[PDB]
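Residue numbers (the UniProt record's numbering), protein chains in the order written: chain E, 2 to 138; chain U, 2 to 138.
Quick reminder that beta carbons are idealized off the backbone N, C-alpha and C, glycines included.
Written out below as structure tokens is the structure these notes cover.
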Ligand code: HEM
Ligand code: HEM
Ligand SMILES: Oc1ccc(Br)cc1
Ligand SMILES: Oc1ccc(Br)cc1
């Protein structure tokens, strides 16, 4: 279930974080614009930038922390608040997050690893709702 | 995105090259008049024509290099000059290339693989513009 998925992802965070982020960018190529440094680089090329592996892991580490602190896939208001107030997220809207979760769930469904994909869909939905409440456009 | 798509195509080039060129010929059957002995044949007949596979592979080998040498989907002027000055391209105009890229983009959108189709559309347009600049009518 959801709890085990957090363990699965944490167990090999570098791989999962990189592969899910790439699935996001590949499904929604216009989102690459937010990451100027990743423009004009292939999937295999990106893994060689110290920043890429390190920065993607940091993103998915926090995602896992928000996921683990949730109750029944409902994130804490304080965690939603953190995500909105973050300076690196100043120009984002809830749609950016919606797209990430659509790509994340699609990745899980396509994988050979057994994920509670329905739960991640619901978590994504609840997070987006909590993000709007914390003032994200 | 675009740079990954190049790697994707290169990973199974002959298959992609034949399937995209076939999509082109089937969308624009009168375009066969630039080629020798393609008329009167089904897709499978063409894929068993030794020259068809060899030549179509060579077209896409070069197209991938032109894409790879590009910056932000803008090809090198010298790459465009080569395509204009090639003896095998003496009967061509920019509309021939426009048609090829319409078909390629349509193929990418229809495929189950995550191509950045909009970028290929831009690449096609920028290449046509560069062909024009290099003297193609
Ligand atoms: C639940 C989902 C998300 C979490 C947990 C999260 C978390 C983070 C974290 C921890 C960082 C700092 C990483 C570091 O530099 O150490 C960061 C930065 C950043 N975030 Fe997010 N984020 C999320 C969603 C998104 C989305 C959907 C976008 C837009 C596509 C986005 C855009 C950015 C950008 C552009 C940076 C700066 C990093 C860079 O560009 O190099 N984030 N985020
Ligand atoms: C970016 C697009 C294109 C690239 C990179 C390209 C490149 C090439 C290359 C490398 C060859 C040599 C093939 C060989 O001899 O093995 C070739 C030949 C040829 N090209 Fe193109 N070409 C492009 C577009 C087109 C288009 C749109 C047409 C016609 C609608 C066309 C018509 C031909 C013909 C008739 C030949 C020689 C005979 C044949 O290969 O069947 N090309 N081209
Ligand atoms: O650096 C980043 C990696 C992944 C996301 Br999602 C956002 C920022
Ligand atoms: O021989 C050729 C194969 C494919 C194209 Br497109 C053009 C020429």
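Alpha carbons only, please: which of 21(U), 94(U), 4(U) and 10(U) is nearest the one belonging to residue 35(U)? 94(U)
When the cut-off is 9 Å and only beta carbons count, does residue 127(E) lie next to chain U? Not one beta carbon of chain U lies nearer than 9 Å to the beta carbon of residue 127(E).
Determine whether the Cβ of residue 4(U) lies closer than 9 Å to any Cβ atom of chain E. The C-beta of residue 4(U) comes closer than 9 Å to at least one C-beta of chain E.
Per DSSP, what are the beta-bridge partners of residue 72(U) in this structure? For residue 72(U), which the question treats as bridged, DSSP gives the partners 75(U).
For residue 40(U), name the three-state secondary structure that DSSP assigns. coil
Ligand 4 and residue 60(U): does the residue's C-beta get closer than 8 Å to at least one heavy atom of that ligand? yes
Under 6 Å Cβ to Cβ from residue 137(E), same chain only, skipping five residues before and after it: list those, please. So the qualifying residues of the chain are 85 and 95.
I need the straight-line Cα distance from residue 30(U) to residue 82(U), nearest angstrom please. 27 Å
What's the C-alpha gap between residue 19(U) and residue 45(U)? A direct Cα-to-Cα measurement between residue 19(U) and residue 45(U) gives close to 10 Å.
Would you call the CB atoms of residue 128(E) and residue 98(E) closer than 9 Å? yes
Give a yes or no on whether the minimum CB-CB distance between residue 120(U) and chain E is below 9 Å. yes
Starting from residue 26(E), find everything on chain U with Cβ-Cβ shorter than 7 Å and list it in chain order. 2
If I measure Cβ to Cβ from residue 124(E) and keep anything under 6 Å in the same chain, skipping five residues before and after, which residues do I get? Cβ neighbours of residue 124(E) beyond the five flanking positions: 74.
Contacts of residue 8(U) in chain A (Cβ-Cβ under 8 Å): Going by chain labels, chain A is absent from the structure shown, which instead holds the protein chains E and U.
Heavy atom of ligand 3 less than 8 Å from the Cβ of residue 57(E), yes or no? yes
To the nearest angstrom, how far is the alpha carbon of residue 72(E) from that of residue 79(E)? Their backbone Cα atoms lie some 13 Å apart in a straight line.
Using 9 Å as the threshold, is the C-beta distance between residue 12(E) and residue 120(E) below it? no
Verify whether the separation of the beta carbon atoms of residue 54(U) and residue 15(U) is less than 9 Å. For residue 54(U) and residue 15(U), yes; Cβs fall inside 9 Å.
If you count every other CB in all the chains shown that lies within 10 Å of the CB of residue 38(U), and 16 or more means buried, which is it? exposed
Here's a check: name, in chain order, each residue in its chain whose Cβ is nearer than 7 Å to the Cβ of residue 33(E), leaving out the five neighbours to either side. 26, 39 and 40
For residue 29(E), which three-state DSSP category applies? Residue state, collapsed to three classes: coil.
Quick one: what does DSSP say residue 134(E) is sitting in, helix, strand or coil? helix
Would the beta-carbon of residue 66(E) be found less than 8 Å away from any heavy atom of ligand 2? no
Interface residues of chain U around residue 33(E) at Cβ under 8 Å? 2
Determine the closest residue to residue 48(U) out of 87(U), 23(U) and 130(U), with distance taken between C-alpha atoms. The shortest Cα separation from residue 48(U) among 87(U), 23(U) and 130(U) belongs to 23(U).
Could you give the C-beta distance for residue 116(U) and residue 6(U), rounded to a whole number, given that I count them as a contact under 8 Å? 5 Å
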